[PDB]
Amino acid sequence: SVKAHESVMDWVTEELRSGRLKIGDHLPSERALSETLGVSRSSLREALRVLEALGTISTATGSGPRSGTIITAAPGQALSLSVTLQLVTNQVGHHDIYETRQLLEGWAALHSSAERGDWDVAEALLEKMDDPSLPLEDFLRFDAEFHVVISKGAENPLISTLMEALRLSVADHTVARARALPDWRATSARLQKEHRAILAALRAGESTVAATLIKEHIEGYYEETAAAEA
């Protein structure tokens, strides 16, 4: 219930604040927590089931004696589901998603610091993406992941969380745009070349160059799929 939900949020918040608990730690059993909060065991399980679906909480099987309910504090898919659902209606269009990426990625690139980038993780993603047999959908899923990873160079975790939360809707968007592409082989090749030149600029600390390349990369794909007609 609401009472249970808020009681839990306030409780977890205070545990994290005091240091008694840390992200990744297991919560007390439902029996114990429900008594501590003064709420029915039923309303507590429901509140936790919802928090689990949202990503705030996560469950690990086989944890006994530990509860198996972990404080993860992940944004979940709510934001992506809202973006993608709105996209179906006249309320939101592909260009709106495209432009959102430009705003966020542009800011991250502009403020990127070479010593802060998880460059090896990003380059590995690009490694899997060169696989000639790799399906169009998987390639674009890694593509969106790659863009989230390189945005970490700006070391702004909130911006990074927003990027991660939008990841699913970004892939949904590029995948749909790709449907009308005449030659995915050639397109993915150019995208890969651009991805590496972007990563190189970021590695060299050429923030302004990286930002320009990212802008041209995202816009290039958007215009290309528009021409293909989709």
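Heads up: residue numbers just count along the shown sequence, starting at 1.
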item: 1-9 versus 220-228 - which carries the larger mean C-alpha B factor in the record; value: 1-9
item: Which of 68-76 and 97-105 has higher mean CA B factor, as the PDB entry lists it; value: 68-76
item: Maximum C-alpha temperature factor, selected from 161, 40, 56, 174; value: 40
item: Per the PDB entry, maximal CA B factor within 114, 129, 148, 110; value: 129
item: Chain thirds of CA B-factor: placement of residue 34; value: highest
item: Relative C-alpha B-factor of residue 215, binned into the chain's lowest, middle or highest third; value: lowest
item: Entry-reported Cα temperature factor of residue 179, expressed as the chain third it lands in; value: highest
item: Ranked C-alpha temperature factor of residue 185 among modelled chain residues, by third; value: highest
item: Assigned third (lowest, middle, highest) for the C-alpha B factor of residue 63; value: middle
